[PDB]
Amino acid sequence: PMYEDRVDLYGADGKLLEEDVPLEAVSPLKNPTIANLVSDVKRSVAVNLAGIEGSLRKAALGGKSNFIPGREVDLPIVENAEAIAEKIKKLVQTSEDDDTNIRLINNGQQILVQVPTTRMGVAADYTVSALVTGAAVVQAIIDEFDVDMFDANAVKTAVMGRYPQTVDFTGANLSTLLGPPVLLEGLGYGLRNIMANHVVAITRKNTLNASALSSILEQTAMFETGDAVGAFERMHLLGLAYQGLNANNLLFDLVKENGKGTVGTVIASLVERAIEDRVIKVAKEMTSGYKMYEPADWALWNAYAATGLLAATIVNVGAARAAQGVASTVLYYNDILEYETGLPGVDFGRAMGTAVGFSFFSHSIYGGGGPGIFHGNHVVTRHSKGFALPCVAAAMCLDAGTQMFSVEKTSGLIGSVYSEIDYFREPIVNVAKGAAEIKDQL
Amino acid sequence: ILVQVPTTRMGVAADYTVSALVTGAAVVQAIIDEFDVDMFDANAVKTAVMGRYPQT
Amino acid sequence: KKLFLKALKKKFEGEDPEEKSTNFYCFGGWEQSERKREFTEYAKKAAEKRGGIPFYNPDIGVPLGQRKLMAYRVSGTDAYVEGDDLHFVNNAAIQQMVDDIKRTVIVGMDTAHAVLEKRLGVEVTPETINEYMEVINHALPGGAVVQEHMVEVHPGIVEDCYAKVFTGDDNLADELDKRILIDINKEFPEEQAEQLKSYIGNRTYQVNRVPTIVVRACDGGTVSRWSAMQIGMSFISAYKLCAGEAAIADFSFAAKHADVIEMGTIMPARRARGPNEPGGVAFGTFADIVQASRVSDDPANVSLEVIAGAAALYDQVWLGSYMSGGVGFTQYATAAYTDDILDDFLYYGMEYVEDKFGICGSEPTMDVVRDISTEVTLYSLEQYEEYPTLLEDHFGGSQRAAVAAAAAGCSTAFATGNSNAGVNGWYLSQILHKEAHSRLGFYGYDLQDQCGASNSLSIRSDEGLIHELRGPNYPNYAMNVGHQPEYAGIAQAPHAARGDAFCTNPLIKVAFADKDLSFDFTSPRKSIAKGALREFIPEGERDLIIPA
Amino acid sequence: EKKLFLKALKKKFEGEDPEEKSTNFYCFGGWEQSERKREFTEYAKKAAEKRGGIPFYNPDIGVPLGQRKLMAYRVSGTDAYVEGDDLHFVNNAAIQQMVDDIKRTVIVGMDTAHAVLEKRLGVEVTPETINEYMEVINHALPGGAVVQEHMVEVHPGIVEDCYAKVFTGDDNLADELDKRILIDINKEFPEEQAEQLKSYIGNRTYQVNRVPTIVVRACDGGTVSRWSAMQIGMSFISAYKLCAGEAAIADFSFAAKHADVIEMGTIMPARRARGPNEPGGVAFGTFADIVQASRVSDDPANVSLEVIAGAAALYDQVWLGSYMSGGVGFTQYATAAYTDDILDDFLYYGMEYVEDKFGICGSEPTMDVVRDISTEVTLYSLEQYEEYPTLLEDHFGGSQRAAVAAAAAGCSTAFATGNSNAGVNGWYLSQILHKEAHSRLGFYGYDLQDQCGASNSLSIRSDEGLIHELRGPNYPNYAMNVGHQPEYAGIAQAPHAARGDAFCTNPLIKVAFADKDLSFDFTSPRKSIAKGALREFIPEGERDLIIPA
Amino acid sequence: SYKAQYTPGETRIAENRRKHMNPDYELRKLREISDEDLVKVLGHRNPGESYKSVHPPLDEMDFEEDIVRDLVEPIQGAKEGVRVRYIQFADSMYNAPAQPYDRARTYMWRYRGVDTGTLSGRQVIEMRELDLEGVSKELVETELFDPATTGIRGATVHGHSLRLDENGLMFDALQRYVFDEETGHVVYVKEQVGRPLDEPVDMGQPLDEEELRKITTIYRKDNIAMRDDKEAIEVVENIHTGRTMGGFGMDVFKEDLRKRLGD
Ligand code: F43
Ligand code: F43
Ligand SMILES: C[C@@H](OP(=O)(O)O)[C@H](NC(=O)CCCCCCS)C(=O)O
Ligand SMILES: O=S(=O)(O)CCS
Ligand SMILES: O=S(=O)(O)CCS
Ligand code: NA
């Protein structure tokens, strides 16, 4: 292969999945599970039929506390969800043999619509899924009940919200994991737009699968932004493999041996492991006896450091079962690590800097919110190139109910709509199976 | 140069900006490596390729 | 009697309003006008300040005033003013109308109160809400409440800054300090009060008006932030919290995102603006901001008051400055609120509807839209044909097309109760007008009218949208004068005919039912007139911090 | 004195020894110790009738201000000592007019319009026709009508600050243009700077349009290039006697709004949405070119300090303190960088250290040189706070101290090396050294950009690498926090001031503000801000002429 | 095996920092405070009151299997669902015995389930209240606390950078503590947000100036200057340089680039 690195892939239960795997087998550019996961995130649309119906019944149209008296339309949409879904299927598909998927959820109150890849292939960006799904839902409803021409625009408004007066689907009754590109902070940030509470809901609160899904999306986004190009590619792959996918069981063993420990003891365990594995070495011993270290392999040191970072998050937030401590943990893990060793911390300071602002904007009057609402497209937590947000996913799995903006409050139907998708819910085991499929092709 | 980015990169990206971003990153590194541009001049090569991003 | 005749008779004194001929070139040019003379005189007095840079000069370009330069009656008033007094730069009332909208945000209080009780174990009572409202009325205008060695904003320049609370819960309303209460039962007629409360429920909201000077120095995007910062400080102080702990971030997210109601939404990049700017105000949002609905049960009067405010907002300020600038678009807008001309046409249409269908007496059908729009358009055209002075008044085709179609569209909405049937009627009126006079408006006037019939009842992507929620960013509407103000009237019309308390949002409607606003939103006509007369005292001037 | 700030400390603390570690508190009568607080309280009571019962400012609500001494501040480089409240942007008309003068300015090339006239319309352009055009636009730009009958117009008395001027790199053409409307490069700039500007501008001509202050107060910054372009079009139609609406007119429009326009600031992403010509879109080097200290001083520390003073008002007080937050805001986060000559002392120390050890512009940028200068200037700055208790009680918030020490370190590094990114790398060294010395740095979220800073200072990646002059408030790391952007504008200026360059990023911007007819004095933002603090500054755009006496 | 280093530096200040961070270094107790008086100064509850929950007992949240979650032992306050509460200190820059980042690093080495915020003017820990009270006792009884230069305060914290008052106490705009001139002790009369105490809490005698110079973790020229700790500076510069190199990437990742270029 291109790189010489090989790793063992271990599951979230700390047991070996795949032995002696070339690093590139988990590259977003090669792994077939990652490709399918990204395709599904882009093409999937949640249709809230119960919300469309109730919006229409009250003329509760176009967002928070809007009502248009006199424009109510009373239709039995949920009772006819099966017929409406069959119509949506006919309108969205490109052929009977394609990969269009329509699934009713929650007694027909919601639909998961997965738009065929043929439509994505001839579209410029991923908004096509929402747009095509919205058009099919509007026409399916109008046709199902023969909605008259003067009422039809209310159906349109119930489905897509205030668009096009708003730049997006404000107050709509459909949603996607990715928001429209007009709201992106950075070019190429589409995959970073999923709030941590949604990640937790998709993985049903399982700590390491949440942090894995976050790492997969973040690092795949780093390929999209051009950050994981050339000189930097190996750093991002090693980051994914170690911090996201529990390579060589390092993440799991660090937590296990520090289950009654602190952020400091996790640092000591990680530095010791890095010395044994010859990832770092002593550069100079100072007058006091202090040993200043240097990396022997900079991308691999960063990966070891990032793995200790996630382990420290799990130990310290796991001890509190309160997610607020996550920003502080990310901050002082890096701070202590640097002054313990003389080495650069995770992402060469950017994970620590991200945590400084994240701390401030989760404890102050100025903006932000609780940890669960942050994501890689948020101005506060965009700065680390994939190494910080997996900690927030892990932290919110471990919160036992201390948040006002909890998973239930922000993400209440996200589990029922998306978590039955195996690669979403259980990314580690399925990425490992993908790695096994291609390991001999690299 | 006309650069056509591989469909594999488009397939795991959310939108079409990947092609410009990846191409910009590749051009910047190719130039810095070709001439061993020093660390204090390198950000000017970046600015020459991609403009005022990300202030714009 | 035709409602515009009184104005024509004063505007064309000494002349028969029906006579086709007159004399021109006999007025002395610009010297016929008090205002033009004043302007020229100030231009000369400016010479020293400008140090030689040329300036306003009536001898540059067009020799204005070869015809008689008109005065305008502000409709529904007895104020007669030159057109220049209605230019938004020259009219402090128009500027304060916009500033009062830009500087208002509404924030739900129930989430913050849940954070206090559920997360912080702190009890919320009427007494603690009252104490909080007292604190935010010191903090919101720029007073310090926690830190030592704070500098503060001069209270003398922010006396227009304040916060009030309202609630759908009558039991709580009876317990809140009335100095800071917007009382729904006192501001609204009984039936409207009852309707508002059924939609608002047992929910509580604060209405924050940040200082006028702040939105003038900065922008509309400042407002939700400024409100949220001081809401946070006021919870910390009033409830005696640790001044910087995790729960505080929940108040922030609630006040800037989860529980905030802004007046306007953001623009796409080509016409980029933050929230609470005019392009982001939906037509139904503006109709709810205007307060004529709660003091008048005349649906024509209510719609006409909305159109007057919206002409100032959308045509004069938004399109005429934000999106263009210069001499701008005063008379494109004044045609819809002066000389009682639009009034005559709309009262004709309302009376035709009352007689043939009844107000709210028809379901929306194409037959009804065609009947009403055609009849009111013909009547409107005939008025310009019978009165040469009327046609010399609304001298620009765009003016005429907007006013005839406004009467046609509102009347159609009066009959059918459906805003999109109204705007379909507006599009019929435009193409009939065009075919009658073999002209319509300016070069690019009917872009949206030729696309309009097809998009009025469309259900597609960027075409379909219920009319109340369309606004200046609806794509067909994003460029041209002589439509947006009247569309606000069409959004109001079916709701005024029904007697609804609001068009789109009961929180917006209550949030402007407040005597302590600076601009009088119960009658935008009367306030604009007071500005035209130089009798309106705006907010935000800087006299206290600059030399005498 | 031994230190540039000692004169101010001794006056601010009523003769107290700046070196004494002890004092007395709780003995000032609280807010009543302050003339300004007493004024505010009395106005609040007089407001009772207008507010009709709504509570208002009340010094008995919340914190009892003034348990310590409430300080006055010397505006650095002036003799003005004012209470902090007089520097709040809401209270200070000079600060507001600085922002408005920037927001209301746009630059438009004329060569394309002139090519449309000659090449598409067969019309000759001469100095005489340009002069007549400039006379027309000075009637049209403030709201005077030029083509249509029955136009209403803007009251000229409200918009006497609105005007248009022209500049050109073509000396032969400049000699033929009307002096009344010419920005004359050879008169405004020292000879060497004039020659440099003209070498970059070439034989091109530009008009500078300043739309009325009342327009940007009533509307926003996005209005400005549009307003300019509308009246540019009207003035070509009128001055060149064109058909008043024909195909070629759209070419003037596209040139004036897109192809040939220079705006002050660029648009924001959706989270912080704003149109052009708002403060977040003004790059640091753009702002250093707006400030005109460079053309009246050859002292590079002085030039950098004047830029920092103006940028502290723009970015920390107005942009971060109101546009992005609001309330009492961020006056003293900003004033720490332009009062009491404190930053001056640190930066003059660093420049002299550089002069002695390296020479100004005496070194190529190397990590050795950045580490040497930033460390030495940071240590010196910290030692000042340790040596003078009244200094530390003045810059009482860590963020203030961190920003001022790092600013001296970063500008001094730029003085030695001529490289702005070496400067900002030095700024980041200074921050983490500061943190390890005092076991504290700034506010809760102060050092987000400083911990990311070393890695992104010389980065070449996507949203990381960018030459420092072109960074601004929307550079992602910088998008949120006080105590950095104003000082970054100084670091952007510093290598160009040390080189004696006429500009940092754009010669058109630099010439466009070399104009005595601006309302704010951009040759010394310190002086002008002081005049506003004294309530001696007369701003533009007030509405007295249209409101009752 | 691995012997932790904690922080670089050759001066007494550096060793003091290391002593704070080292969990095996026993912090000297300088005073005692009763459980009741600590609870009173914290100000969140009255002693004897049941601890108040924010969520049900932890074992009702853990019905499904999460092997990694169960690797971590929850602190006793998390087990019981106790609400999160706080203590916050301002530390005088005139050689207070603990200082803000010193505290953060100490807490993250010594204590479990910490949320800690560092600012120039105050330093906060938010923790499950049950466990907060044990931690707080150590933070007020030991050499991390001096009642003259370490102020307990949740709001209106100004004073870390101010001159000391004429009795040698740090400024406090709310005067939560006062100097008792009859005894020389510092006495808290308010709790940490500033509500009056029914019964004042004696915090004992201020440390003398010389003891503070010996045990403080701040560098000051008139005690031990940062400039004299050449070792500490060398490591700070090394961290900065390494971060610069990693961000630039092209040199430290040269062999990774070479593999990507096929060379
Ligand atoms: C140069 C243009 C082309 C263009 O892009 N805009 C113009 C001029 C522009 C200028 C004129 C100011 C001035 O004279 O200096 C302004 C005020 C916009 C600005 N830059 O501030 C304006 N028009 Ni026009 N413009 C108007 C209108 C119109 C009507 C005027 C018809 C008539 O019979 O007089 C016609 C379009 C039409 O035929 O339908 C028109 C054309 C034109 N309009 C022709 C000039 C026509 C001529 O040579 O006389 N406007 C109107 O129909 C009424 C409102 C009026 C606007 C000012 C106001 O609202 O107060 C003004 C709106
Ligand atoms: C409530 C917060 C948390 C938050 O999100 N912002 C606050 C308060 C906010 C308020 C304080 C206004 C008021 O008192 O009503 C304002 C003015 C912003 C606003 N809403 O207008 C502000 N801070 Ni704060 N804030 C400041 C600062 C600081 C310094 C003060 C340290 C000290 O020793 O006094 C500390 C952070 C730190 O420790 O580094 C600080 C914290 C805090 N800051 C703590 C309150 C601290 C306390 O209880 O005393 N600010 C500063 O370090 C100086 C500039 C000063 C800002 C006002 C100005 O720039 O003029 C103000 C900027
Ligand atoms: C973070 C973000 O806030 P939100 O999380 O989007 O609410 C952003 N505010 C800020 O960056 C506030 C910056 C100014 C106040 C803090 C200065 S240290 C904004 O309003 O767009
Ligand atoms: O003449 S145009 O119709 O182009 C513009 C009229 S304001
Ligand atoms: O207290 S915080 O640091 O969060 C903000 C200071 S203005
Ligand atoms: Na020393």
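Each chain gets a letter, A, B and so on, in the order the sequences are listed, and its residues count up from 1. Ligands are counted one by one from 1 in listed order, and the atoms in each one are counted from 1 as well. These numbers come from the heavy atoms of this one structure, side chains and all, not from hydrogens, waters or symmetry mates.
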For D:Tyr333 and ligand 3, answer yes if some heavy atom of the residue is under 4.0 Å from a ligand atom, otherwise no.
no
Within a distance under 4.0 Å of any heavy atom of A:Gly367, pick out the atoms of ligand 3 and give their elements.
3 (O), 5 (O), 7 (O)
Is any side-chain N of the basic residue among A:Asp335 and D:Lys435 closer than 4.0 Å to the acidic one's carboxylate O?
yes
Establish, from distance only, whether the side-chain atoms of E:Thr11 and E:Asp229 form a donor-acceptor pair under 3.5 Å.
yes
Stepwise side chain to side chain donor-acceptor pair (under 3.5 Å) check, A:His383 with D:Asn456:
CA-CA 10 Å; A:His383 312 283; D:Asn456 285 347; over 6 Å; no
Closer than 4.0 Å to some heavy atom of D:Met480 - which atoms of ligand 3 meet that?
11 (O), 13 (C), 14 (C), 16 (C), 17 (C), 18 (S)
Between the side chains of D:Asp463 and A:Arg382, is the shortest nitrogen-to-carboxylate-oxygen separation below 4.0 Å, so that they form an ion pair?
yes
Taking only heavy atoms of E:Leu119 into account, list the atoms of ligand 5 that are under 4.0 Å away from them.
1 (O), 2 (S), 3 (O)
Side chain proximity check, D:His484 to D:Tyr478, heavy atoms < 4.5 angstrom:
no
Hey, is E:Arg122 one of the residues with a heavy atom under 4.0 angstrom from ligand 5?
yes
Subset of ligand 3 atoms that lie under 4.0 Å from at least one heavy atom of D:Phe443
18 (S)
I need the atoms of ligand 5 closer than 4.0 Å to a non-hydrogen atom of D:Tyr333, numbered in the order shown.
6 (C), 7 (S)
Nearest non-hydrogen atom to atom 2 (C) of ligand 3 belongs to which of A:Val379, D:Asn481, A:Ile365?
A:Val379
May I ask you to decide if the ring planes of C:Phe253 and A:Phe405 are parallel, tilted or perpendicular, using 30° and 60° as cut-offs?
perpendicular
Considering A:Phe360, A:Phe361, D:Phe330, D:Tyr444 one by one, which has a heavy atom nearer to atom 5 (C) of ligand 5 than any of the others?
A:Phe360
Closest to the Na ion (ligand 6), which N/O/S atom of E:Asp228 is it?
OD2
For ligand 5, which atoms have a heavy atom of A:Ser364 less than 4.0 angstrom away?
4 (O)
Under a 4.0 angstrom heavy-atom cut-off, which atoms of ligand 3 come close to A:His378?
5 (O)
Compute the shortest N/O to N/O distance between C:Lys256 and ligand 3 and return yes if it is under 3.5 Å, no if not.
yes
Measuring from the heavy atoms of A:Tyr366, does anything fall under 4.0 Å of ligand 5?
yes
Just which atoms of ligand 3 are under 4.0 Å from any heavy atom in D:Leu320?
14 (C)
Give the atoms of ligand 3, by number and element, whose distance to some non-hydrogen atom of C:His257 is under 4.0 Å.
4 (P), 6 (O), 7 (O)
Once you measure the plane-to-plane angle for A:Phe374 and A:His378, does it fall in the parallel (<30°), tilted (30-60°) or perpendicular (>60°) bin?
tilted
Quick check for you: to the nearest 0.5 Å, what is the distance between C:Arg103 atom CZ and C:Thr222 atom OG1?
14.0 Å
Would you say C:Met229 touches ligand 3, if touching means a heavy atom closer than 4.0 Å?
no
Examine distances only and state if a side-chain atom of D:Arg274 and a backbone atom of C:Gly274 form a donor-acceptor pair shorter than 3.5 Å.
no
Under 4.0 Å, counting heavy atoms only: does D:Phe330 come that close to any atom of ligand 3?
yes
Taking 4.0 angstrom as the limit and counting only heavy atoms of A:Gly368, give me the atoms of ligand 3 inside it, by number and element.
4 (P), 5 (O), 7 (O)
Geometric cation-pi criterion D:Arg471 and D:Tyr488, 6.0 Å radius, 45° cone:
no
Taking only non-hydrogen atoms of D:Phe443 and a 4.0 Å limit, the atoms of ligand 5 in range are 3 (O), 5 (C), 6 (C)
Parallel, tilted or perpendicular, as decided by the 30° and 60° cut-offs, for the rings of D:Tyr385 and D:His395
tilted
Do D:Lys21's NZ or CZ and the ring of E:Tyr94 fall within the cation-pi criteria of under 6.0 Å and 45°?
no
